There are 2 protein chains.
Amino acid sequence: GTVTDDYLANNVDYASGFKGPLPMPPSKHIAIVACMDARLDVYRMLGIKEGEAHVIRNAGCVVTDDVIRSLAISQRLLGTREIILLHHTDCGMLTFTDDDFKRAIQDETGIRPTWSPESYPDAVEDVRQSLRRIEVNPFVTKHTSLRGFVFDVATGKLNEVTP
Amino acid sequence: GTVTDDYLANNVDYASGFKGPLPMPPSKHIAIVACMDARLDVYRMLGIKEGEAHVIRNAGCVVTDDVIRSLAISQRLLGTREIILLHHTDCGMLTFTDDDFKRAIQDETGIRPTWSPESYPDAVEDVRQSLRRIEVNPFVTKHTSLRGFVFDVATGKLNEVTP
Ligand SMILES: [Zn+2]
Ligand SMILES: [Zn+2]
């Protein structure tokens with residue numbers, strides 16, 4: 001059938017071995033923001049176990065208002081105090097510009113998106129931009145650690161980015 | 001010694017047995033949208049392997065503009081054609097209301113957020129609502145499959161929702 005069908009079949013085997021329920025608050029009091037990229041298995045990359053960490057993911061690991069919203073809830077309601085941001089090499093966000101993307105969408109749909117596609121040219125500098133977005137935000141101030149990294153999709157290694 | 005420090009140490013072990021790079025486009029042409037909840041290991045839940053699927057995650061599995069942006073990039077630039085939505089039982093989004101959350105923030109900061117906290121009272125009904133958000137959206141139309149599920153945090157099973 002479809003991939004959804006196969007993934008649902010995989011869930012049968014997952015459920016057989018499942019242990020729960022666990023408490024809602026992340027047991028390691030940490031939120032991870034990462035790209036949606038297919039090559040990043042965030043749990044395996046960082047040795048995360050079930051129940052430990054919030055994981056927030058979008059196209060390009062962009063600190064949008066949804067990321068701020070998700071961090072605010074994570075911190076204020078569920079007690080997380082560490083933030084890890086995970087960009088990576090060979091990101092799709094490096095491959096297009098915002099104007100061209102919007103133009104193509106409009107060409108085909110007749111409508112231009114209200115949202116910014118949020119492309120950027122340099123993953124390392126955009127970690128710095130992303131860290132700055134969090135640092136200056138009035139709603140996400142609870143963190144005791146805020147660190148950013150670029151994941152190398154060729155080596156599997158994290159490289160830290162300094163502001 | 002922070003949790004970030006431990007996870008970085010886990011990454012050293014992850015990288016020693018890493019095989020890559022993989023191609024950028026998800027090999028299974030699928031995007032998963034899921035809650036950021038700490039008890040959801042989306043990869044193992046669905047038996048996802050590296051390089052197969054985009055995974056998008058936020059507080060509540062809310063189809064925000066960021067989720068639409070991510071899915072649009074996912075489909076138009078990176079060839080995905082299936083969408084899975086994963087809400088779950090015992091979601092933090094059922095525990096608060098938007099107005100209370102905004103007031104609490106405004107008490108602390110003097111500043112009310114412009115963004116909606118996006119809370120909802122019922123997981124099954126909100127899968128329906130989330131499916132409708134995607135169905136009416138003019139920018140995410142390339143899917144051949146759009147299906148929504150609630151993950152039982154006590155059994156690890158997925159229960160499908162009829163739109
Ligand atoms: Zn990426
Ligand atoms: Zn949730």
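Throughout, protein chains are lettered first and strands after them, A, B, ... in sequence-line order, and every chain is numbered starting at 1. Worth knowing before you read on, the calculation uses all heavy atoms, side chains too, and leaves out hydrogens, waters and symmetry mates.
With a 4.5 Å cut-off on non-hydrogen atoms, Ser116(A) touches chain B through its backbone but not through its side chain. Using a 4.5 Å cut-off between heavy atoms, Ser119(B) makes no contact with chain A at all. Both the backbone and the side chain of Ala72(B) come within less than 4.5 Å of a heavy atom of chain A. For chain B, no part of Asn137(A) is nearby; none of its heavy atoms comes within less than 4.5 Å. Contacts between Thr4(B) and chain A at a heavy-atom distance below 4.5 Å involve backbone atoms as well as side-chain atoms. Looking at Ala104(A), both its backbone and its side chain come within 4.5 Å of chain B, counting heavy atoms on both sides. Only the side chain of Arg147(B) has a heavy atom closer than 4.5 Å to any heavy atom of chain A. Neither the backbone nor the side chain of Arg81(A) comes within contact range of chain B, judged by heavy atoms closer than 4.5 Å.
One distance of note links NZ of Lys28(A) with CG of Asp6(B); it measures 6.0 Å at 0.5 Å rounding. Of the inter-residue distances, the one linking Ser70(B) atom OG with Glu118(A) atom CD reads 10.0 Å to the nearest 0.5 angstrom. Separating the CG atom in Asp41(B) from the CZ atom in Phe18(A) is a distance of 10.0 Å, to the nearest 0.5 Å.
A donor-acceptor pair under 3.5 Å is absent between the side-chain atoms of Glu82(B) and the main chain of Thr2(A), judged by distance alone. Between the side chain of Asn11(B) and the main chain of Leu158(A), a donor-acceptor pair closer than 3.5 Å is present. No donor-acceptor pair closer than 3.5 Å links the side chain of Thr109(A) to the backbone N or O of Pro138(B).
More than 12 heavy atoms of other shown residues, nucleotides or ligands fall within 6.0 angstrom of atom CZ in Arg128(A).
Per-residue counts of heavy-atom pairs under 4.5 Å with chain B were compared for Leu78(A), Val42(A), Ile48(A), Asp37(A); the largest is that of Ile48(A). Listed options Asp152(A), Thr89(A), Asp65(A) were ranked by heavy-atom pairs under 4.5 angstrom with chain B; first place goes to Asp65(A). Note on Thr144(A), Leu40(A), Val33(A): by heavy-atom pairs under 4.5 Å with chain B, the leading option is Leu40(A).
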> Hey, mind stepping through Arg69(B) and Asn58(A) against side chain to side chain contact (heavy atoms under 4.5 Å, CB included) and telling me if it holds?
Replying inline: CA-CA 9 Å; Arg69(B) 175 189 77 91; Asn58(A) 65 19; 3.4 Å; yes

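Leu46(B) approaches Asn10(A) most closely through the heavy-atom pair O-ND2, 2.9 Å. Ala38(B) approaches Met24(A) most closely through the heavy-atom pair CB-O, 4.4 Å. Residues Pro113(B) and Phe139(A) approach most closely at CA-CZ, 3.7 Å, considering heavy atoms. Residues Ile73(A) and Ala59(B) approach most closely at CD1-CB, 3.7 Å, considering heavy atoms. Scanning all heavy atoms of the two residues, the minimum distance from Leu77(B) to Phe96(A) falls at CD1-CD2, 3.3 Å. The two atoms that bring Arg44(B) and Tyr14(A) nearest to each other are O-CD1, 3.3 Å, heavy atoms only.
Using modelled atom types, one finds a donor on one side chain and an acceptor on the other under 3.5 Å when comparing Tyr7(A) with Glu52(B).
A salt bridge does not link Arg57(A) with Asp66(B): every distance from a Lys NZ or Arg NE/NH1/NH2 to an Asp or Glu carboxylate oxygen is 4.0 Å or more.
Counting heavy atoms from C-beta outward, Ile56(B) and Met36(A) have side chains that approach closer than 4.5 Å.
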